[PDB]
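Before any comments, here is the structure.
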Amino acid sequence: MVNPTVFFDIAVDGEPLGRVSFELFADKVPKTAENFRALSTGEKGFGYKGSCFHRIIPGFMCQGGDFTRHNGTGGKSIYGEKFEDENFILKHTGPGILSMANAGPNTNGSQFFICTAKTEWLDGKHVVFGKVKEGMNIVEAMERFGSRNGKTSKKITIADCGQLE
Amino acid sequence: XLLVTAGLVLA
Numbered sequence: 001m002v003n004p005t006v007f008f009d010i011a012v013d014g015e016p017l018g019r020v021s022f023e024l025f026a027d028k029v030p031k032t033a034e035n036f037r038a039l040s041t042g043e044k045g046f047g048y049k050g051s052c053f054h055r056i057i058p059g060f061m062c063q064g065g066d067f068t069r070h071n072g073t074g075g076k077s078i079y080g081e082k083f084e085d086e087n088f089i090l091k092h093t094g095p096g097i098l099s100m101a102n103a104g105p106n107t108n109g110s111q112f113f114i115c116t117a118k119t120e121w122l123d124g125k126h127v128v129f130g131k132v133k134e135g136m137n138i139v140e141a142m143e144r145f146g147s148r149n150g151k152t153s154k155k156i157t158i159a160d161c162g163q164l165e
Numbered sequence: 001x002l003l004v005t006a007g008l009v010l011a
């Protein structure tokens, strides 16, 4: 078995920026990795294609995955609306970690964030399930459109996404 | 503060 790799092509107000690919740790967090993989191919009939990064805070993270409400209040998993915290084996150790956003214990949906710094205060509260494999420079470029309060100055969208391996 | 929540964003 190999860990899946999925990609996102990011656009900034419709202008293509570039591709970010992620390795998902299906060997450590199989259920959380599967959720993200299936939302990236859109195979259940809904997913990340066309959604936006609604909250970006420079030096901290880029948050997206709300494909229903596009504002932090929506999204759902492939398992129903929310699922449990699978485990907290992996930590928020540096730039590039992919982790689940939530609204408290066992409330995982579709929203996630990509860390641009070590965020150890989130350890044990947010399930880490992947990391940026290629395209960290596109994540850095994305950060420039964020602000201290999270609002973005340009619309950052997942123009396309899918599975590579 | 610096959290990543879904619905009530805290400081």
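These protein sequences, in sequence, are chains A and C. PDB author numbering numbers the first residue of the first sequence as 1 and each following residue consecutively. PDB author numbering numbers the first residue of the second sequence as 1 and each following residue consecutively. Backbone N, C-alpha and C define an ideal beta-carbon position, used for all residues, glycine too.
Open item on the list: Against chain C, which members of the region 109 to 135 of chain A pass a CB distance test of less than 8 Å?
Closed with: The residues in question are 109, 111, 113, 119, 121, 122 and 126.
TODO: Please confirm whether residue 70(A) and residue 150(A) have their CB atoms less than 9 Å apart.
DONE: No; because the gap between Cβ atoms is not below 9 Å, this pair is not in contact.
Task: Length at least 3, wholly inside the region 19 to 72 of chain A: the beta strand (DSSP E) runs in chain order - done: Note on the region 19 to 72 of chain A: whole beta strand (DSSP E) runs with a minimum of 3 residues are 53 to 57 and 61 to 64, in chain order.
TODO: Name, going along the chain, the residues of the region 27 to 47 of chain A whose beta-carbon falls closer than 7 Å to a beta-carbon of chain C.
DONE: Under the 7 Å Cβ criterion, the region 27 to 47 of chain A contributes no residue.
- [ ] Answer with yes or no whether the minimum CB distance from residue 99(A) to chain C is below 9 Å.
- [x] Interface residue, yes.
Task: Amino acids of chain A, ordered along the chain, whose beta-carbon sits closer than 8 Å to that of residue 2(C) - done: Annotation: Cβ neighbours of residue 2(C) in chain A (cutoff 8 Å, chain order): 57, 60, 119 and 121.
- [ ] Out of 162(A), 128(A) and 145(A), state which residue places its alpha-carbon closest to the alpha-carbon of residue 33(A).
- [x] Of the listed residues, the one whose Cα sits closest to residue 33(A) is 128(A).
- [ ] Might you give, ordered along the chain, the residues of its own chain that have their beta carbon closer than 7 Å to the beta carbon of residue 105(A), omitting 5 neighbours on each side?
- [x] The residues are 85.
Task: First and last residue of the uninterrupted alpha helix (DSSP H) at residue 134(A) - done: For residue 134(A), no alpha helix (DSSP H) encloses it; the enclosing beta strand (DSSP E) starts and ends at 128 to 134.
Task: DSSP-derived helix/strand/coil call for residue 120(A) - done: The three-state reading of DSSP puts residue 120(A) in helix, counting H, G and I together.
Open item on the list: Mapping the DSSP letters down to three states, classify residue 139(A) as helix, strand or coil.
Closed with: In the structure shown, residue 139(A) adopts helical secondary structure according to DSSP, grouped into three states.
Task: Residues bridged to residue 163(A) [DSSP beta-bridge criterion] - done: Paired residues: 6(A).
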